[PDB]
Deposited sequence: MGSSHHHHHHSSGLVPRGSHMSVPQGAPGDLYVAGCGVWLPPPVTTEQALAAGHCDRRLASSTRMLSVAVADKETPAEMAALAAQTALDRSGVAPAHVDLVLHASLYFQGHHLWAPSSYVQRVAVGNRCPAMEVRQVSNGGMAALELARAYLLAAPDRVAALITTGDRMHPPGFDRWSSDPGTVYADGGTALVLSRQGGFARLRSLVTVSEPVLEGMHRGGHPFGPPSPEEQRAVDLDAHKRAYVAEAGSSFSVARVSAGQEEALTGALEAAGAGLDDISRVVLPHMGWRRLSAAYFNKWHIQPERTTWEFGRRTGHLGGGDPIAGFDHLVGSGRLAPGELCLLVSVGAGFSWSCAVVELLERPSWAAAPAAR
């Protein structure tokens, strides 16, 4: 039947406050106000696979699942993993699991974690003897290639790792539904070249805002806004229906750690929900963790006791492409590690 969350965990490097970022010329007064961010997790020496491995160790310890029962390891990220022609998933496996199941990367930009979750679910269900799968995320968004404040204005990017242990056997939470929606007509929005033609040649800084204006120019603003809207609506409604629930049945909404303006436009003023019913306060101190926001968010809600037995949680995730994922998770019991 259904699948469980058996464990989860994060590794978050020390927060850099918006005030420190203001002082350092990293962001201006206006972006501080438009996003309402308070802090962002920023790494010093730690690389992405390192942070993913650390998070996985926590998630595995809490899961009580033996390495021999981890049948798949999936590592998701959206930025450079540190070494080309190197297998970071294999690093995660060596360090946090030490078994010999297949280990590979799964990427879907800011939706990677949920994309990996989709494939993990499938892998587990594809054979009767499979027990658990480990999913991690990790990213390090440092100069010179990335500017966490302005590479994509309205979202502030974080360094860190997240991890989740999925199981067919049991756990403290139950995966009631998981739905992914794809709207590839939008792919050109995040690259150079003609939106409906081939991509421009390579581009390793990073400047999303320019590509989005070029896209809207060619496709039309009305078409663009409507497609994003429709894709978001289809994933929400799809996940809720699959779980037998409505938004009113949902106690907590895990939202992407985007800036306030984006969250209001996409969620608060659209679904008419209150920020206190979401992970808004957590996100604005944390920052966008690549494809791992929903994992960090759900971990937070559970670890802090904000989610109680019987209650439903809604994970909301979006990635350039576009792809949207939504999941409904039911908390069965408060894990040992919660407070």
property: Sequence ranges without modelled C-alpha atoms (deposited numbering); result: 1-28, 233, 369-373
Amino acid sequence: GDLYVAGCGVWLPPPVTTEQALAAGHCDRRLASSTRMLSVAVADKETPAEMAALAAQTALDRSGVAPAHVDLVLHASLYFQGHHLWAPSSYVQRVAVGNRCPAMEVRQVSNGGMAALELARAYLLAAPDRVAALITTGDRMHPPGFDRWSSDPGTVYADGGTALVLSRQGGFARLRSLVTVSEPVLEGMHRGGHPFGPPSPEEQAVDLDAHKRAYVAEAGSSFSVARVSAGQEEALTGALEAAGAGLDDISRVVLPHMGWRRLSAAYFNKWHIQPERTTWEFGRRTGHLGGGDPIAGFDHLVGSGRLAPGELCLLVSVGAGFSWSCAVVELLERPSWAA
From here on, numbers count along this sequence of modelled residues.
item	value
Which of 81-89 and 195-203 has higher mean CA B factor, as the PDB entry lists it	195-203
Mean C-alpha temperature factor, higher of 96-104 and 212-220	212-220
Residue with highest C-alpha B-factor in the PDB entry, from 176, 75, 142, 121	142
Most elevated Cα B-factor in the entry, residues 150, 182, 136, 111	150
Residue 269 - which third its CA temperature factor falls in, relative to the rest of the chain	highest
For residue 314, the third of its chain into which the C-alpha B factor falls	lowest
Where the record places residue 22 (Cα B-factor, split into thirds across the chain)	highest
Record-listed C-alpha B factor of residue 50: chain third	middle
Within-chain third of residue 291 by Cα B-factor, per the entry	lowest
